[PDB]
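*Asks:* my complex, first installment, coordinates as in the assembly:
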Amino acid sequence: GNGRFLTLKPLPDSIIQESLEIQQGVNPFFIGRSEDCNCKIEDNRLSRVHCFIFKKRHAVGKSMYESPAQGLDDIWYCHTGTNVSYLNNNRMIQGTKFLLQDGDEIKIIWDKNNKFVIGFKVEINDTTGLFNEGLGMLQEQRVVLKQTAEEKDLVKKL
């Protein structure tokens, strides 16, 4: 494509009215208040590496009769912030991972009393070999996963 696969755009609903574009070439894409993060969002509540998105090769266990994803790539949203982010309706605690479907609205920080409302809209513009792009569908209906040493290592270099 042009260089971007996913677009995270801090929508007007959030105190930030900007648009972020995750270059399919960059994996994983880091977001936070630190310029070091591929994504730049200055939020007093946010952390240097509040959260980062990581793309992985999607592959089911088996393909009997029906032809599943086969073996393409998907984008996972990783959260490393202590303020925990919110993905649509699923909780994102420090060290969690979640599937990012085309049009994924992720809340980086939300304060009921502070009125601090944040949220980015994920928009897959380019599909760099995506089984679909981002429909997030499986036995589990939108579930939050945990992070491991592999993920922690990605941010370690950050």
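*Replies:* Yes, it's here. Residues are numbered from 1 along each chain as shown, chains lettered A, B, ... in the order given.
*Asks:* going forward, measure contacts and count neighbours with C-alpha atoms only.
*Replies:* OK.
*Asks:* can you tell me which residues contact the spatially most central residue of chain A?
*Replies:* Centroid-nearest residue in chain A, with Cα atoms, centre = their mean: residue A:77, separated by 2.7 Å. Residue A:77 makes contact with A:51, A:52, A:53, A:54, A:97, A:98, A:99, A:100, according to Cα atoms under 8 Å, 6 or more residues apart in numbering.
*Asks:* now with 10 Å?
*Replies:* A:28-30, A:51-55, A:87, A:92, A:96-100, A:104, A:106, A:144-145 (Cα atoms under 10 Å, 6 or more residues apart in numbering).
*Asks:* what strand or helix carries it?
*Replies:* Per DSSP states H and E, residue A:77 falls inside strand A:72-79.
*Asks:* in that strand, what's buried?
*Replies:* A:73, A:74, A:75, A:76, A:77, A:78, A:79 (16 or more other Cα atoms under 10 Å).
*Asks:* so what does the closest residue to the last one other than its chain neighbours look like in phi/psi?
*Replies:* Nearest residue to residue A:79 in three dimensions, chain neighbours excluded: residue A:51, at 4.0 Å (Cα to Cα, 6 or more residues apart in numbering). Reported as degrees, to the nearest 10, the phi and psi values for residue A:51 are phi -160, psi 150.
*Asks:* extra chain here, label it chain B:
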Amino acid sequence: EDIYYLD
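*Replies:* Time to bring in chain B:
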């Protein structure tokens, strides 16, 4: 230190 949290 940096202590973040949201209730």
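*Asks:* once more for the contacts of residue A:77, now including chain B?
*Replies:* Residue A:77 sits next to A:28-30, A:51-55, A:87, A:92, A:96-100, A:104, A:106, A:144-145 when contact means Cα atoms under 10 Å, 6 or more residues apart in numbering or on different chains.
*Asks:* cool, residue A:143 as well?
*Replies:* So residue A:143 contacts A:87, A:89, A:90, A:91, A:97, A:98, A:99, A:136 (Cα under 10 Å, 6+ apart).
*Asks:* equivalent analysis for residue A:2, please.
*Replies:* Per Cα under 10 Å, 6+ apart, neighbours of residue A:2: A:23, A:24, A:125, A:126.
*Asks:* for those residues, pick the one with the most neighbours.
*Replies:* residue A:24 (21 neighbours; other Cα atoms under 10 Å in any protein chain shown).
*Asks:* closest to residue A:13 out of the contacts of residue A:2?
*Replies:* residue A:125 (21.2 Å; Cα to Cα).
*Asks:* strands - which of the contacts of residue A:77 land there?
*Replies:* Counting by DSSP state E, the part of the contacts of residue A:77 found in strands is A:29-30, A:51-55, A:87, A:92, A:96-99, A:104, A:106, A:145.
*Asks:* sorry, back to before: which among the contacts of residue A:143 count as buried?
*Replies:* A:87, A:97, A:98, A:99, A:136 (16 or more other Cα atoms under 10 Å in any protein chain shown).
*Asks:* all good on my end, thank you.
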